[PDB]
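> Part one of the assembly, not moved from where it sits:
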Amino acid sequence: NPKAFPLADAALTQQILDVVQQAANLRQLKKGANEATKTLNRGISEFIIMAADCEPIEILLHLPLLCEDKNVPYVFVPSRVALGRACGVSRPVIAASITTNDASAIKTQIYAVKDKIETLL
Amino acid sequence: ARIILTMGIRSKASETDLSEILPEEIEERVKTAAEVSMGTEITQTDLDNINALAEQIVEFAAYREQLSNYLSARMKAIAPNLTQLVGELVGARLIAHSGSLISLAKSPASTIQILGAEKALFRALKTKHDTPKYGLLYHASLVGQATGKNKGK
Amino acid sequence: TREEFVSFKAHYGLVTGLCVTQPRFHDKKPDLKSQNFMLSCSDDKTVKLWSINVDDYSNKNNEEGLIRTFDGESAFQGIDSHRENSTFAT
């Protein structure tokens, strides 16, 4: 298999990107590989999104190992440009983290998407 | 280090003879231990530099031997009577502690007994406890042959 | 293991007769190492043959259920099978 595994389907990618956008609106999303590693270290991440088209692909492969250590679900989406548009920033984003907030208005959607990601893994 | 220089590989354990290095009954068992050992194989590039480190260790041992011979020669040259009594090592320790052979000569015997035990000596003299029975001279050969309460005597 | 391989809702009446068989067909040979077979007869005027998957041997990496239904004019009260032939009596 390739190093970017698992890679989500079209419908799952759309669900994950919409959830990422809503969490970015509600300030529950941490953007970037360094910030994703920081949230994995603090333990506040619920699931991690990476982008499989980044060049090179190796610069975000440390995130799956930390995710496997901390039992955090992780997923790959095809387009870093689509991930950047979902996050709402002006530049492409290669990795994002959905942080933990108990009083969050989108907890059901985040949990459903996390359930599908755990189904992939 | 000499084992590393003689045998390179656990496969070469059977061929290479460690009888010169050691009595090697432990090495006779270490042959089977190397046959069933935990370790992996190593690159020849790594083995060359491990050999170089082992050679440095062997050369440092040779330097140790030469320095010991130099110290023994100078002890026999300047203090032969102390050498016949306590030995080159203990005599050199005593002279180094005193700073000078003349100062060590002017010290009485009670000082020479407790030389090197100043911490325990002065804490006992300041807290009214029992003093050390001996100091650097515990490593002379005769005090070692003594046993029990006869060591202080 | 004190547990069932399989349960069948076999008949609609009382299961009046039950026997365990080794069927011997003309065209084919059943796999008696992997499958066991039993005949049943009831008051719903039927005699049925069943195959059960069995895990005694591990020689390999089919069908559980109704193979053949024997249909009669009246109800059946007992059943037994022949110890060296394919025949049976109800």
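Here it is on my side, so go on. Numbering: from 1, shown residues only, chains lettered A, B, ... in the order given.
> where exactly do the helices run in chain A?
For chain A, the helices defined by DSSP state H occupy A:10-25, A:33-42, A:62-69, A:80-87, A:107-120.
> Using CSV, please lay out the ones you listed together with distance to residue B:27 and mean neighbour count.
(C-beta placed from N, C-alpha, C; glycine too.) Output for the helices of chain A, formatted as CSV (distance: least, Cβ to Cβ, whole Å; neighbours: other Cβ atoms under 10 Å in any protein chain shown):
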stretch, distance to residue B:27, mean neighbour count
helix A:10-25, 62, 17
helix A:33-42, 49, 17
helix A:62-69, 42, 15
helix A:80-87, 60, 20
helix A:107-120, 55, 15
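> out of these, which comes closest to residue C:29?
Nearest to residue C:29, of all the helices of chain A, is helix A:107-120, at 44.3 Å by Cβ to Cβ.
> just checking, what packs against the closest one?
Other elements packing on helix A:107-120 under the criterion 3 or more Cβ pairs under 8 Å, 6 or more residues apart in numbering or on different chains; DSSP states H and E are helix A:10-25, strand A:45-51, strand A:74-77.
> could I get these as JSON lines with distance to residue C:19?
Formatted as JSON lines, the helices and strands packed on helix A:107-120 follow (distance: least, Cβ to Cβ, whole Å):
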{"stretch": "helix A:10-25", "distance to residue C:19": "55"}
{"stretch": "strand A:45-51", "distance to residue C:19": "59"}
{"stretch": "strand A:74-77", "distance to residue C:19": "58"}
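> Go ahead and add chain D:
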Amino acid sequence: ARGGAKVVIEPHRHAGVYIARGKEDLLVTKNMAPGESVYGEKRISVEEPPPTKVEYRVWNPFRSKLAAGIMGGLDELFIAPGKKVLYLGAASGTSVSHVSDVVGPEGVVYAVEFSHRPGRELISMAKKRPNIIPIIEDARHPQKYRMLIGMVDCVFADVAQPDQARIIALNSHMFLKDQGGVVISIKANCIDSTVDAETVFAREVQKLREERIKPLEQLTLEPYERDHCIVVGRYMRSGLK
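Take a look at chain D, now in place beside the chains above:
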């Protein structure tokens, strides 16, 4: 607790575990390989008689479910010095190092891990700690490493799968001795996210009873973890009754 602070190390009730007393108490284990930290934990150096330096490592209960259980008050820890433990779900080996410290040089820890990249770290750690055997293999199929593992004293299971009861049963029926111990970490979210945690724990305990593991004691790992449970039980092949 900072650098240079003095503590008093005394034995815990469990064998192979110690407590460092100070203004704040610490759970510690004796380091098999002194002078190294597995995951950047605080280490305690004790000079013991010439004096040879002896080093201890702090066991973090937020990082290790076994430490969370011991601190939360388990009664019977089957992991003891000199015993053979089958660790299922080894991962990078952070708690595996402490299990190795507890069982000591005479013990053996068979650490089964599936993924290859934490398996590299497990293999690298096994060099410094000779009593750890890495088994890079699926724990769902115990027949593959049956040539490698023989007759452990205890089975610890930290794996988080919906079928962990069948995994534990399959490994216990092969490698665990009779009247042996089984220590299980249960995550209700990883088992069944629909029903509640009490329902999940009850069903897992009943599954162990079906597979002939008798649950001795039950613990929930608060405040270290949320909806995490430890079941300690005994493998009674003869009969649970």
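> Could you re-examine what packs on helix A:107-120 with chain D now present?
helix A:10-25, strand A:45-51, strand A:74-77.
> Name the residues that touch the second one?
By Cβ atoms under 8 Å, 6 or more residues apart in numbering or on different chains, the list of residues contacting strand A:45-51 from outside reads A:4, A:16, A:20, A:30, A:36, A:39-40, A:60, A:63-64, A:67, A:70, A:72-80, A:83, A:92-100, A:110, A:113-114, A:117.
> mind putting the helices and strands packed on helix A:107-120 in TSV, distance to residue B:145 included?
As requested, the helices and strands packed on helix A:107-120 are exported to TSV (distance: least, Cβ to Cβ, whole Å):
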stretch	distance to residue B:145
helix A:10-25	82
strand A:45-51	71
strand A:74-77	72
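> Residue of chain B closest to chain D, please.
residue B:38 (6.5 Å; Cβ to the nearest Cβ).
> And the nearest residue to that residue once chain neighbours are set aside, how far from residue D:109?
Excluding its sequence neighbours, the residue lying closest to residue B:38 (Cβ to Cβ, 6 or more residues apart in numbering or on different chains) is residue D:130, at 6.5 Å. For residue D:130, the distance to residue D:109 equals 10 Å [Cβ to Cβ, to the nearest Å].
> go on, residue D:146?
Residue D:146 is 18 Å from residue D:109, by Cβ to Cβ.
> same thing with residue A:59?
Here the criterion is Cβ to Cβ. By it, residue A:59 lies 35 Å from residue D:109.
> ok so, going back, wait, doesn't the residue of chain B closest to chain D sit right on residue D:131?
No: counting by Cβ atoms under 8 Å, residue B:38 does not reach residue D:131; the two are 10.9 Å apart.
> here's chain E, drop it onto the model above:
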Amino acid sequence: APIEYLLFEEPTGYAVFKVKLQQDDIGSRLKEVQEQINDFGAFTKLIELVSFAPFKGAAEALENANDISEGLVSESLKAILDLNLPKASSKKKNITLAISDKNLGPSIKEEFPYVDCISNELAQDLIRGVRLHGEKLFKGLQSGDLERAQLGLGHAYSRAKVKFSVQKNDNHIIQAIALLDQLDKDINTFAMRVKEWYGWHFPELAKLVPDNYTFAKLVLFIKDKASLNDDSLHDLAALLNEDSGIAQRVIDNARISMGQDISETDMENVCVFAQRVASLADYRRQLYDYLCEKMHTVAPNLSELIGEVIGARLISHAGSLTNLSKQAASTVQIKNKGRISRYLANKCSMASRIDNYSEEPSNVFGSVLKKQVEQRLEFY
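Same chains as before, plus chain E:
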């Protein structure tokens, strides 16, 4: 069916047992029959060892372990099962063989069509009893320490599946950098001792010669300052890199030197010191070349990005290349100086991730990151 034979796969070989007595199956869940597995006086009434074929070596042990894990039948298994199992009929009355692994059954069935393989709970109980008792049932026919054979085979199996690479191992770099520092400190200390020991005899040469290794080589070659002459100056010009004028100035300073001529034993001791310095310097140079080669093998991109020795410093500080790849870019430590420090830290983290998670890395992205750092420093 009743079990006639049993196959056990040891790390040290294959074993075939004959089942003398059948344990009853209808009451196989009962307390008596479950305790008879643990008791050795009762299990011996059940089973008896017929044959044992040991493996030839560790490589064959690993090969057979892989074959058993996959479910395949090796030539060794074919040989032992051909020697022990009687030749029976495929149509009726096959020989029953108890197997621990269900997947091994079809392979053995294909090799020997007259063998029915049994892996139910009764056979699992028998195999568990054999595994539990172990060395007792083998009657001393075991030739090697079975526990150490298990330990080594488990290590070999795990290394083989992970494909562990000793070249890709970075602990060589870890030891090499600290050994390099230790050699440098020892060279400095011994060189200071050589300098001042030769200095009370000749103080001007210590200030004249800048390099420690060159000073040691020149001291060993030229020996006594009085013995130094014009021909000795021409000879030592090779060590001084054609500095014949500097050698003549050293000869003049030796003539002007007020230090007494050294004795033979003392100057032999000084030559021992100088030879020690030369050997340590040679080992330091060899270790430096080895460290550079090992960096270009293990972590190329970081090695072109900051340098082989500085990359080794970062790897040693992190503890491992994996740990360096784990830690975030702000954590990695190597106005405008602070900004370029953070930029270089980010590029170091990216290069380390590329090196650690590439199977065989290439220096292309290391060169690209150097180009980006160069562009930003040109901007500043």
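> and the contacts of strand A:45-51, now that chain E is part of it?
A:4, A:16, A:20, A:30, A:36, A:39-40, A:60, A:63-64, A:67, A:70, A:72-80, A:83, A:92-100, A:110, A:113-114, A:117.
> The residue in chain D positioned nearest to chain B: what secondary structure?
Per Cβ to the nearest Cβ, residue D:130 is where chain D lies closest to chain B, at 6.5 Å. Assigned by DSSP: H, G, I helix; E, B strand; the rest coil, the conformation of residue D:130 is coil.
> now swap in the one 3 residues further on and tell me
Reducing the assignment to helix, strand or coil with three-state DSSP, the entry for residue D:133 is strand.
> packing partners for the lengthiest strand in chain D?
Longest strand of chain D, by residue count under DSSP state E: strand D:176-187. When contacts are defined as 3+ Cβ pairs under 8 Å, 6+ apart, strand D:176-187 packs onto helix D:65-72, strand D:152-157, helix D:164-175, helix D:197-210, strand D:228-235.
> deepest of those, which one?
Mean neighbours per residue, mean count of other Cβ atoms under 10 Å in any protein chain shown, is largest over those for strand D:152-157, with a mean of 24.
> hang on, the earlier thing: wait, the residue of chain D closest to chain B touches residue D:33, no?
No: Residue D:130 is beyond contact range of residue D:33, at 9.2 Å (criterion: Cβ under 8 Å).
> wait, is residue C:69 part of a strand?
Yes: the assignment for residue C:69 is a strand, going by three-state DSSP.
> In contact with it: list those residues for me.
With Cβ under 8 Å, 6+ apart, residue C:69 has these contacts: C:46-49.
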